[PDB]
Amino acid sequence: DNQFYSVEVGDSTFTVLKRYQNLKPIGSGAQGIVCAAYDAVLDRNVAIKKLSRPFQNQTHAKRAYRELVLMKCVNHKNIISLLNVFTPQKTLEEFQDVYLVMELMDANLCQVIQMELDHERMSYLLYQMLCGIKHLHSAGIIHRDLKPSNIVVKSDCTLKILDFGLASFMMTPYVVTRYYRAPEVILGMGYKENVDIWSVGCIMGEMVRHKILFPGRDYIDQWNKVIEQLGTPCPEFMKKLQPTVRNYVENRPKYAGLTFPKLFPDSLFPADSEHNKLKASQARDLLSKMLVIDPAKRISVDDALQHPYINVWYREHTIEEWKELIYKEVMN
Ligand SMILES: CCNC(=O)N1CCC(Nc2ncc(Cl)c(-c3c[nH]c4ccccc34)n2)CC1
């Protein structure tokens with residue numbers, strides 16, 4: 001008979017294709033609920049993400065269309081691949097949800113962060129972020145929102161990025177984390193390719209320090225936590241900020257904060273063997289080239305890939321037009 005069946009998964013219903021069996025919730029996010037399942041056809045495990053009426057507003061719609069499109073276009077070993085897309089509804093009028101099926105990963109970075117990693121694995125994961133980011137950049141896509149929760153890995157230490165970043169208001173219950181947003185993004189002062197390097201540096205640091213580098217309730221708190229450790233930026237950086245903002249920043253208590261050996265002591269890095277000793281320094285060296293406020297002085301993706309620590313691996317539519325656009329893309 002029908003091709004789909006429904007299964008309860010908490011406070012929602014997953015009406016998926018019969019080929020997917022033994023649904024099990026693996027995570028929750030902004031777009032919706034995500035489940036792990038077994039695909040009888042391909043004979044392998046996969047992940048199923050359900051988009052509940054993605055056209056309910058421009059915020060969710062824009063993300064869904066953009067996701068659905070790039071997920072189909074872009075292709076790279078370090079960017080989650082889409083295996084299938086479907087909708088249990090038969091017509092546009094009936095259209096409601098969109099299900100995305102992808103390879104199943106074992107976990108996201110939030111989990112890896114809570115554990116110590118030899119230099120071999122840490123550098124490898126970091127190397128895969130740079131590749132993926134490099135690919136996204138070579139496609140004209142500047143993520144700008146890379147974070148531990150949007151990056152997943154497998155046991156064999158393989159890594160893939162989940163989403164494609166940004167391109168505003170929502171009644172949603174949960175907020176979005178911004179601890180990894182680059183300075184230029186926080187101060188809206190224009191950005192470039194190396195804007196992602198800042199995020200990678202925040203993640204690498206968290207992997208070391210095992211704790212969020214720049215916490216904070218709002219961007220006000222976040223900026224302080226940034227200068228409180230790295231120190232007030234140089235003048236050349238100030239003269240590149242709109243006065244409405246250059247005022248707020250320049251009228252903030254200066255710092256000339258601590259150096260890197262202080263921020264990331266040898267205690268955090270394994271310095272038992274001579275090999276690990278050298279890797280520590282190289283690691284801290286890269287950290288110091290990525291955690292730089294001024295983009296003009298922040299290392300780039302290609303130079304970061306050449307770093308010895310890493311080279312060892314070398315418009316506005318209506319909720320009716322959106323439904324249309326999204327439905328068409330789904331029905332390839
Ligand atoms: C139980 C704690 N382990 C984890 O951190 N996770 C998160 C990653 C999950 N695996 C996975 N594999 C593929 C995709 Cl496409 C997604 C995924 C995509 N978007 C998500 C939003 C929230 C949580 C997970 C996802 N997630 C497994 C459980």
Side-chain angles (χ1 to χ4, degrees), residues 106-131 133 146-159 161 177-183 194 196-216 221-233 255-294 297-301 303-313:
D106 304 311
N108 58 48
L109 273 194
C110 283
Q111 299 303 312
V112 168
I113 276 168
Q114 283 164 61
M115 59 190 238
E116 306 192 331
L117 268 187
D118 47 284
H119 290 295
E120 155 182 53
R121 286 165 166 61
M122 193 172 277
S123 73
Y124 187 51
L125 294 165
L126 274 291
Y127 167 75
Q128 308 197 66
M129 283 168 244
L130 295 169
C131 279
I133 293 162
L146 293 166
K147 51 189 72 170
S149 60
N150 286 341
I151 297 173
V152 288
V153 304
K154 274 204 299 175
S155 285
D156 68 349
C157 238
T158 49
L159 187 157
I161 291 174
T177 56
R178 19 91 166 304
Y179 312 127
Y180 316 85
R181 299 290 228 290
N194 89 328
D196 287 326
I197 283 295
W198 175 274
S199 294
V200 170
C202 282
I203 297 165
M204 178 180 184
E206 196 175 331
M207 296 181 125
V208 174
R209 196 181 277 180
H210 296 296
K211 193 48 234 164
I212 298 180
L213 265 42
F214 315 121
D221 319 55
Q222 248 218 290
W223 180 245
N224 289 315
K225 291 301 173 189
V226 173
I227 61 180
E228 259 174 46
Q229 306 177 73
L230 309 192
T232 298
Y255 270 129
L258 15 160
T259 56
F260 277 84
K262 301 297 179 182
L263 293 163
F264 304 110
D266 315 63
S267 301
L268 297 164
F269 295 109
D272 60 316
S273 67
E274 202 63 62
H275 178 277
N276 285 323
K277 272 169 157 55
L278 180 53
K279 284 303 169 190
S281 71
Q282 308 189 302
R284 193 192 291 91
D285 189 62
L286 178 70
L287 255 179
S288 69
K289 287 175 176 175
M290 299 182 112
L291 291 189
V292 179
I293 301 188
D294 179 49
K297 295 168 192 58
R298 188 196 301 149
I299 193 173
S300 60
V301 174
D303 281 342
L305 268 171
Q306 287 305 66
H307 196 104
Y309 187 72
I310 295 296
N311 95 306
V312 300
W313 300 102

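Numbers for residues simply follow the sequence, beginning at 1.
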Are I151 and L125 close enough, and set up right, to give a side-chain contact (heavy atoms from CB on, under 4.5 Å), and what steps lead you there? CA-CA 10 Å; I151 297 173; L125 294 165; over 6 Å; no
Taking it one step at a time, do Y127 and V312 satisfy side-chain contact (heavy atoms from CB on, under 4.5 Å)? CA-CA 9 Å; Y127 167 75; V312 300; over 6 Å; no
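Contact detail for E206 and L213: the closest heavy-atom pair is N-CD1, 3.7 Å. The two residues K279 and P308 make their nearest non-hydrogen contact at NZ-O, 4.1 Å. Contact between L109 and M129 at its shortest, heavy atoms only, is CD1-CE, 4.1 Å. Here the closest heavy-atom approach between residue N276 and residue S273 is recorded as N-OG, 3.0 Å. Here the shortest heavy-atom pairing between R298 and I293 reads NH2-O, 3.2 Å. The two residues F214 and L230 have their closest heavy-atom pair at CZ-CD1, 4.3 Å.
Qualifying salt bridge (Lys or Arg N to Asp or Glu O under 4.0 Å) partners for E228, counting only residues two or more places apart in sequence or in other chains: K225. Residues satisfying the ring-ring contact (aromatic ring centres under 6.0 Å, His included) test with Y124, not counting sequence neighbours, are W313. Evaluation of the ring-ring contact (aromatic ring centres under 6.0 Å, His included) rule for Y180 yields no partner, not counting sequence neighbours. A search for side-chain contact (heavy atoms from CB on, under 4.5 Å) contacts involving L286 returns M204, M290, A304, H307, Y309, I310, not counting sequence neighbours. Every residue two or more places apart in sequence or in another chain that forms a side-chain contact (heavy atoms from CB on, under 4.5 Å) with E116 is listed here: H210. Annotation: side-chain hydrogen bond (donor to acceptor under 3.5 Å, both in side chains) contacts of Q222 (sequence neighbours excluded): none. Among residues two or more places apart in sequence or in another chain, the side-chain hydrogen bond (donor to acceptor under 3.5 Å, both in side chains) test is passed with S281 by none. Under the salt bridge (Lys or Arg N to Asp or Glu O under 4.0 Å) criterion, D266 pairs with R284, sequence neighbours left out. Legend: residues meeting side-chain contact (heavy atoms from CB on, under 4.5 Å) with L268, ordered by chain and number and at least two apart, are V208, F264, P265. Partners of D221 under the salt bridge (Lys or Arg N to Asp or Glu O under 4.0 Å) rule, at least two apart in sequence or in another chain, are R217. A search for salt bridge (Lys or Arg N to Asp or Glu O under 4.0 Å) contacts involving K289 returns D285, not counting sequence neighbours.
Distance check, rounded to the nearest 0.5 Å: CD1 of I299 to CG of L287 gives 11.5 Å. We find the OH-CD distance between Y255 and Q229 to be 10.5 Å, quoted to the nearest 0.5 Å. Rounding to the nearest 0.5 Å gives a distance of 9.0 Å between CG of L126 and CG of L159. Put simply, CD1 on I133 and CG on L146 are 4.5 Å apart, with the number rounded to the nearest 0.5 Å. Rounded to the nearest 0.5 Å, atoms CD1 (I212) and OG1 (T177) are 8.0 Å apart.
Annotation: side chain of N150 is not in contact with side chain of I161 (no heavy-atom distance under 4.5 Å). Side chains of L130 and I197 form a contact here, defined as non-hydrogen atoms less than 4.5 Å apart.
In terms of modelled atom types and a separation under 3.5 Å, the side chain of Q128 and the main chain of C157 share a donor-acceptor contact. Within the 3.5 Å criterion, the main-chain N or O of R121 finds a donor-acceptor partner in the side chain of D118.
Counting only residues at least two apart or on different chains, the salt bridge (charged side-chain N to carboxylate O under 4.0 Å, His left out) pairs with a member in residues 146-157 are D145-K147.
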